[PDB]
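First, one chain by itself in structure tokens, the form deposited in one PDB entry.
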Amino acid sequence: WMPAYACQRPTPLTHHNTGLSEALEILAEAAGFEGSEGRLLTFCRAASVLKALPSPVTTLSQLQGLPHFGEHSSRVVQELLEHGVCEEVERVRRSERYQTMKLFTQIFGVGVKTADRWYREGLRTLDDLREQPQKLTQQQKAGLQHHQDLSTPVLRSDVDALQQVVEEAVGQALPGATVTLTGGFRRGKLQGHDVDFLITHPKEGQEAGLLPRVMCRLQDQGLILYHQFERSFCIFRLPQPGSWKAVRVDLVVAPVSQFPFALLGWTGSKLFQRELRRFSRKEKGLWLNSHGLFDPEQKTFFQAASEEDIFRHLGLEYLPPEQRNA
């Protein structure tokens, strides 16, 4: 009934099991903070199964047969159904370790490994980190200075304004180049914590060298608060009533031959792409990334002119972006 891989089923942005999925996602996040990537994946997959269901789970019997539900995830759901809270989830939520790792890992430039080392050193707050700044990378300094703005949701209005400025710089950098909105906004989200753009040109090879030219032009317009090639992880100055706010923007370039693969990868979701790559390799023997799809037996790359082509190569029914919210 329910397929085992998230790329085999539609997953809408909004659904009928929000509270249950959010609880399993807390456990997934906590597993990641402890380095348990296998448990993280199971909890993420179980949460995603619930997002794909056509109606609310009301009774434990409704889980039997569902993929990725074993003793642990089933008990979590049982406790939520019976009591409205899961004791393990609540213990994680209030724990100093979870709260501090969440705080630190949400800083741009800080991953689980850095956050854990800081935790073991006794650091607990953002001001703790600001008090010893020479121990920070340039990226972390920017992440900390802009942390408050970067925690503020990005709206669709913001996205449309950013796209116009990126298009202007891209047009001077290379006439004919195009800018496509990707990431969660392409999946239908009305808000987000960042904006993602994919840039190409219709003539294969003309996009070579493009991203430095785009970055320099945005920098000379005073729009770049931070930047560090094919991928640029920036902080942009976005106008606001009588002021402005910092916004994370990712700019990516791909040649038109690779564009459908890059569009698919950068549209996500993260779990969708991991599941699609797992399905490709384990079920079809093909190796997928955001550059291409490789047959390792014939030693050839599949040509694709669209996302539709990629789903067909993999033997999967097509899912539009708004059904990829695994």
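In case it trips you up, residue 1 is the first one in the sequence shown, and so on. What we label the rigid core is the largest C-alpha set whose atoms superpose within 1.5 Å from one form to the other.
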For this session: Consider 276-284 and 296-304 separately and indicate which one has Cα atoms farther, on average, from the shown form in 8 other deposited structures of this protein after rigid core alignment.
Result: 296-304
Problem set entry | Greatest C-alpha divergence in 8 other deposited structures of this protein once each structure is fitted on the rigid core, 60-68 or 30-38 | 60-68
Problem set entry | Between neighbours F229 and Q228, residues that the deposited sequence lists but the model omits | 10 or more
Seminar exercise, completed: Ranked by mean Cα B-factor in the entry, 63-71 and 40-48, top stretch is 63-71
Exercise. Higher mean Cα B-factor in the deposited model: 262-270 or 22-30?
Worked result: 22-30
Exercise. Out of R186, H193, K135, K102, which residue has the highest Cα temperature factor in the PDB record?
Worked result: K135
Problem set entry | Deposited CA B-factor, highest of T182, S232, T178, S95 | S95
For this session: Determine, from the deposited record, the chain-internal third of the Cα B-factor for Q219: lowest, middle or highest.
Result: highest
Seminar exercise, completed: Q298: C-alpha B-factor third of its chain, per the entry, is the highest
Problem set entry | CA B-factor placement of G143, once the chain's modelled residues are sorted into thirds | middle
Exercise. Against its chain's modelled residues, does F108's Cα B factor rank lowest, middle or highest third?
Worked result: middle
For this session: Using the B-factor values recorded in the entry, state whether the Cα atom of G171 falls in the lowest, middle or highest third among the modelled residues of its chain.
Result: highest
